[PDB]
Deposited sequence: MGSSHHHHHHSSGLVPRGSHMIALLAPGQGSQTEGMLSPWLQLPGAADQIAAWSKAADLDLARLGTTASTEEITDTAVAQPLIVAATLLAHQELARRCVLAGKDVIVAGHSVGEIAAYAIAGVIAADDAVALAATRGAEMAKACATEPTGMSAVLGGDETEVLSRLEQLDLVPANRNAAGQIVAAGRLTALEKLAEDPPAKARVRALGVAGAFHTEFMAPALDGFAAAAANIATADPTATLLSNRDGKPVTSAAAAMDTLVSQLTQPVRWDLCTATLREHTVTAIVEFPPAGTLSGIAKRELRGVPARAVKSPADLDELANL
């Protein structure tokens, strides 16, 4: 984390995207682990996070990975190992860099933007999941995706049923969150010309039902070294860039019970003339959204190291 601001001789802008939850795959660390330096870092982080990462990345079932307490650090683990190699390759030399993470991915984005250290981030993702899981055992809650019709109609409807728009990802892409009974009521009758799919998650993330998780998350968030960003770093709260480290960490914490306004992140990306987009593993969804919402901007979904190759020039 020490650098020289590149010279422009007399746009060169790349989005880096860090994935959220709900796309972690059975074999998601295999392509990265056999690379030099990765095993060492993982044992270090696995011990640092106090959960077994090396095993849970290779021969682990999707089911034991869909467990927020495991899922969260594991996603972040994969994102950083992937970025770590991208940096190492020097592919981004002389590019203006903008970074945004989804939901959990903010922890990984913060690390990519050099606000927190790689190891600390994983440890904080472990706390996030562990604390969030406790909160889920309070009241039967969940989240259900709403692939949508009329934006006004869909917002009016979650109000009636007392559910939060927990993710606002795209135009017509809303996640609803709250009590399982209220979500069943959403499913039982949706607002016309729209669909509902109960995402398999253990609680209603990014809603007020995460209060109990707040203190536990804030405690680790505070005990962590910090630095002012080395990239334009976006925040899920409003999609504005974050200037100071203190600000970022404040937002990150309070983002636990607030809507993920990823749509407004996509808006900020447009007004930067991003030339290309890189999603990190487990990549897929965020690049999908960017293909649809950001016309004519190339986007790559990193799954294996072989993908970081045709980026040498962009």
{"query": "Segments lacking C-alpha coordinates (deposited sequence numbering, starting at 1)", "finding": "1-2, 13-18"}
